[PDB]
Asks: 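Just passing along the structure, written as structure tokens.
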Amino acid sequence: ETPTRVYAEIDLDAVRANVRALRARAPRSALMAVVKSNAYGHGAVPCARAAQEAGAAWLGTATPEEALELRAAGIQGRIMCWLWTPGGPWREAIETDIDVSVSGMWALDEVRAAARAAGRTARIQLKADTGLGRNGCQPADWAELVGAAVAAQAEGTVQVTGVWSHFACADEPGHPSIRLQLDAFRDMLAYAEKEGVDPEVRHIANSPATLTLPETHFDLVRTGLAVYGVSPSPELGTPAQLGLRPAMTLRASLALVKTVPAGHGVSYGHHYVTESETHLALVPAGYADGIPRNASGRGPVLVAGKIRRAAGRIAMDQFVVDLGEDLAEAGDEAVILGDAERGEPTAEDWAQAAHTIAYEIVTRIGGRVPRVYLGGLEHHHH
Amino acid sequence: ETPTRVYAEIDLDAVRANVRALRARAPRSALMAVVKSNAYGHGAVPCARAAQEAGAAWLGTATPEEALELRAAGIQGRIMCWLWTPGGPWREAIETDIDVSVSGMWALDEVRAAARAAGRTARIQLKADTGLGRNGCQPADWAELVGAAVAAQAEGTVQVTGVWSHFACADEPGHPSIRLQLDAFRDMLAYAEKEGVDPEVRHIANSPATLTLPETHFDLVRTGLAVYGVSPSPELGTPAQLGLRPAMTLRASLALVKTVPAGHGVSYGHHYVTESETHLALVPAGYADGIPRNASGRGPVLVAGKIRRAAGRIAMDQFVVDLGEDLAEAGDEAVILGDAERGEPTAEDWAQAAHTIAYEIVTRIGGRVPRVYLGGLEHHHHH
Ligand SMILES: Cc1ncc(COP(=O)(O)O)c(CN[C@@H]2CONC2=O)c1O
Ligand SMILES: Cc1ncc(COP(=O)(O)O)c(CN[C@@H]2CONC2=O)c1O
Ligand SMILES: [Cl-]
């Protein structure tokens, strides 16, 4: 029934509301709900169905496998994936009508052959490296790749449906690289559009860019994190101020509550020692479940009406908390992260406690943790 | 057929070799292979099967669900799980002949009711908190818990098959807490025995205690990490020094290789800027796959014959490495973590880079990452 140890509660109603709120932010563009990495830990399919429901025109994933799983789940509509390696399932992707990203000639050649075998045309989108220095084609190789693409288009083997890029510091309001990439993108797009490419969509914005720079919207925006009700960065504001609602609530039940004398060590390395006779509670969730070990001694948890802090080192499967004078009992609910509007710890709180970013917190929630859905439509729960 | 992006290759022969090596260390005790957390990221069923056939007489998991997955996979023999919460599948565990741990009064009473409903006697193991401050019964409550158990015993509802504990700093050779806990264990164990408990097994030793303090072996030793070929700590030496063979090898295929101008920013935040014109390579694995973001700028990877450091911020699905003048092409192999003997970066190397411990490195390798099994017996990698 309802997991007795720990479980991740996913609110499909918060998801749908976030996508409606995000659509309103970029009224002139289409919305792509990025659901890679199991929808940032919330559950790929359920969240993809909910997103499409609230009005998402596109669905995006990193790997082909992720995109094929969406199709296999009966999801219709445009889907795009961009992280490819030589020898990937191009043919499978083409046959399921999935837009593929091309960054180098090696990719283009593999998609052209796969198209032949499939006896079908592949919808490809050209990625320009405007400054991030990650994936994508560099300005120096752009003219060549562009020429090869319009050539393959003529051979009826491919069809260039898009031209896109990705930001490096869009989450740093005001960073000089942002404008630099926006200009580099405008310039490389024009050169492509002048060489014979008529794109279906033009896109470069992610969640932070979408929430702050309307000049980056173009035809489509790729929103991942914001969809799950988490703010890209604190400099952009809290989900509340952003009009977003947190989709995930992580809950656990106490496994033990006992009294210990003063001077008693707690956990590995005994990095925590009780100050006086106190009450300790055992939370049965550890770093194997996604609770960062680097949050040792700082991780916030809500127990018995008050916020508690991880006591000492966080272990593989569990960690303790010092309830002090307060009392509680085994089976009592413990909220590790959820909604700030309900006075609970948040994804951002843990990011700060573990010296990382909110993106990693929600995304790394372990497979050992069951997910429970509420809201949305019944079929979303599959 | 074989993962084109990233994958974990698990060497089942290394597993068999380690448990065999571990048994030679504690000749007069039974060995419990701890395969919780999906065998520390190596694959629970294949590893449980392998260790069993190599000589492990007991199997240990943290949760009931993990222990029941083993039974469901046809694994026979003694199995124990210790992380229970109210409402757990007591009835189901008891019926599948799994040894459960009881550290409080709430548990004891739930298992009694469960045993009655199953029409069978439950095998329970009493845990004593000798200094960890985690689970287990505090010394001052031992008397009462031991009292309620020997009673439930007389009613034929339960049978106390074991008494045990867990060390806080056995991985720190010569720590005063070690002896402190060992002493406490003997003392609490003795009391239990005197009041009526006849344990089938007495245990307190984990991997580090097993490799260092033979006086902690007792009847059973619970080894987890060492079974997979990784050392509990640099302080104890390297796997090679401990005579252990690493079982996991994380490999990836470059997704791109390109030349970039001098002074070009790399990844989020631009925390890395090329010092000159150079070749950049994209490794298609990121923190969603288990590569810690905390190793940004430090995590080692073996590419084109040399060890390279993560250039800048590590992302959710990938990260970049600067190859300098060297050349490589999309599809070429990169070893993220493997065997130092093969000249590859290791679990410890990454533990250092991410300011954490090797335990968390191997364990958090994601589900998005496929596992390929080599060696062992064919039927082992069927699940
Ligand atoms: C190419 C691309 N587009 C869009 C997104 C969506 O971004 P948001 O989640 O910010 O809306 C991502 C995710 N980028 C991530 C997130 O964390 N690490 C990454 O590489 C991406 O890689
Ligand atoms: C109760 C218990 N027994 C045995 C083991 C196996 O120990 P080794 O892996 O050191 O051999 C562990 C380790 N559990 C882990 C591992 O890391 N943190 C923990 O709490 C444990 O918690
Ligand atoms: Cl109790």
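Counting starts at 1 for both ligands and their atoms, in listed order. Every chain is numbered from 1, with letters handed out A, B, ... down the list of sequences. These numbers come from the heavy atoms of this one structure, side chains and all, not from hydrogens, waters or symmetry mates.
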Asks: Verify the distance criterion only: is there a donor paired with an acceptor across the side chains of A:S37 and B:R368 at less than 3.5 Å?
Replies: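 Checked: A:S37/B:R368 side chains pair up, N/O donor to acceptor below 3.5 Å.
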Asks: For A:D317 versus B:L83, what's the shortest heavy-atom pair and its separation?
Replies: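 Taking every non-hydrogen atom into account, O-CD2, 3.5 Å.
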Asks: Flag A:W82 as yes when one of its N or O atoms lies below 3.5 Å from any N or O atom of ligand 1, and as no otherwise.
Replies: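 Checking ligand 1 against A:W82, no N or O pair falls under 3.5 Å apart.
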Asks: If the cut-off is 4.0 Å to any non-hydrogen atom of A:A315, which atoms of ligand 2 fall inside it?
Replies: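 In order of number, 20 (O).
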Asks: Take a 6.0 Å sphere around CD of A:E235 and say whether it holds more than 12 heavy atoms from other residues, nucleotides or ligands.
Replies: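 Result for CD/A:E235: enclosed.
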Asks: Starting from atom 7 (O) of ligand 2, locate the nearest protein heavy atom and write down its residue, its atom name and how far away it is, to 0.1 Å.
Replies: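 Heavy-atom neighbour on the protein nearest atom 7 (O) of ligand 2: B:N206 CB, 3.6 Å.
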Asks: Under 6.0 Å between ring centres, would you say that holds for B:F167 and A:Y268?
Replies: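 Ring centres of A:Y268 and B:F167 not closer than 6.0 Å.
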Asks: Restricting to non-hydrogen atoms, name the atom on B:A226 and the atom on B:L22 that form the minimum distance, rounded to 0.1 Å.
Replies: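 Scanning both residues, the minimum pair turns out to be CB-CD2, 3.9 Å.
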Asks: How far is atom 10 (O) of ligand 2 from its nearest protein heavy atom, and which residue and atom is that?
Replies: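 Heavy-atom neighbour on the protein nearest atom 10 (O) of ligand 2: B:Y359 OH, 2.6 Å.
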Asks: Quick check: A:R222 and ligand 1, any N/O pair under 3.5 Å apart?
Replies: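 By distance alone, the answer is yes.
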Asks: Within the 4.0 Å heavy-atom shell around B:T223, which atoms of ligand 2 are there?
Replies: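 With B:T223 as reference, the close atoms of ligand 2 come out as 11 (O).
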Asks: Would you please say whether a donor-acceptor pair under 3.5 Å links the side chains of B:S103 and B:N135?
Replies: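 A donor-acceptor contact under 3.5 Å links the two side chains.
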Asks: Would you say B:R134 and A:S267 are linked by a side-chain donor-acceptor pair, where the criterion is simply a distance under 3.5 Å?
Replies: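 Judged by distance alone, the side chains do not pair up.
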Asks: Answer with yes or no whether the side chains of B:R222 and B:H166 bring together a donor and an acceptor at under 3.5 Å.
Replies: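 Yes, because at least one side-chain N or O of B:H166 sits under 3.5 Å from a partner of the opposite role on B:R222.
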Asks: Heavy atoms only: give me the nearest B:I357-A:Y287 pair and the separation to one decimal.
Replies: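 Residues B:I357 and A:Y287, closest heavy atoms: CD1-OH, 4.1 Å.
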Asks: Under 4.0 Å from a heavy atom of B:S207: which atoms of ligand 2 are those, numbered in the order shown and with their elements?
Replies: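 Selected atoms, number and element: 8 (P), 10 (O), 11 (O).
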Asks: Is A:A226 in polar range of ligand 1, meaning some N or O pair under 3.5 Å apart?
Replies: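 Not met; the criterion fails.
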Asks: What I want to check is whether the side chains of A:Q125 and A:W164 have a donor and an acceptor closer together than 3.5 Å.
Replies: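 Side-chain D/A pair, A:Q125 to A:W164: absent.
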Asks: Quick check: closest heavy atoms across A:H42 and A:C47, and the distance to 0.1 Å?
Replies: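 Shortest heavy-atom separation between A:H42 and A:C47 comes out as CB-SG, 3.6 Å.
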Asks: Is A:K127 close to ligand 1, meaning an N/O of one under 3.5 Å from an N/O of the other?
Replies: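 The answer is no, given that A:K127 and ligand 1 share no N or O pair closer than 3.5 Å.
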Asks: Would A:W164 count as a polar contact of ligand 1, with the cut-off being nitrogen or oxygen pairs under 3.5 Å?
Replies: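 No.
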Asks: Could you check whether atom CZ of A:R25 has more than 12 heavy atoms from other residues, nucleotides or ligands sitting under 6.0 Å from it?
Replies: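 Yes, because the 6.0 Å sphere around CZ of A:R25 holds more than 12 heavy atoms from other groups.
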Asks: For atom 9 (O) of ligand 2, what is the closest protein heavy atom, and at what distance to 0.1 Å?
Replies: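 Its nearest protein heavy-atom neighbour is B:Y40 OH, 2.7 Å.
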Asks: Below 4.0 angstrom from a heavy atom of A:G224, which ligand 1 atoms are there? Numbered from 1 as shown, please.
Replies: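 Those atoms are 6 (C), 8 (P), 9 (O), 11 (O).
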Asks: For ligand 1 and B:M316, I'd like to know whether there is a polar contact (N/O to N/O, distance under 3.5 Å).
Replies: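 Right, the criterion is met.
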Asks: For atom 20 (O) of ligand 2, what is the closest protein heavy atom, and at what distance to 0.1 Å?
Replies: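 So the nearest neighbour among protein heavy atoms is A:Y268 OH, 2.7 Å.
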Asks: Before signing off on this row, confirm whether A:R134 and ligand 1 have an N or O atom pair separated by under 3.5 Å.
Replies: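 Yes - when backbone and side-chain N and O of A:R134 are compared with those of ligand 1, one distance drops under 3.5 Å.
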Asks: Report, in ascending order of atom number, the atoms of ligand 2 lying under 4.0 Å from any heavy atom of B:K36.
Replies: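 Listed by number with element, the hits are 13 (C), 14 (N), 15 (C), 16 (C).
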Asks: Considering only non-hydrogen protein atoms, determine which one is nearest to atom 12 (C) of ligand 2 and report residue, atom name and distance to 0.1 Å.
Replies: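 Here the nearest protein heavy atom works out to B:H166 CE1, 3.7 Å.
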Asks: Need the ligand 1 atom indices (1-based, order shown) with element for anything under 4.0 Å from a heavy-atom of A:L225.
Replies: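 This gives 8 (P), 9 (O), 11 (O) as the contact atoms.
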Asks: Near B:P208, which atoms of ligand 2 are under 4.0 Å from a heavy atom of that residue?
Replies: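 Answer for ligand 2: 10 (O).
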Asks: Under the 3.5 angstrom rule, does the side chain of A:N38 hit a backbone N or O of A:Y40 as a donor-acceptor pair?
Replies: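 Answer holds: no.
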Asks: For the 3.5 Å polar cut-off, considering only N or O atoms, please tell me whether B:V34 and ligand 2 meet it.
Replies: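 N/O-N/O distance below 3.5 Å does not exist for this pair.
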Asks: Starting from atom 17 (O) of ligand 2, find the nearest protein heavy-atom neighbour and note its residue, name and distance.
Replies: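 Result for atom 17 (O) of ligand 2: A:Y287 OH, 3.2 Å.
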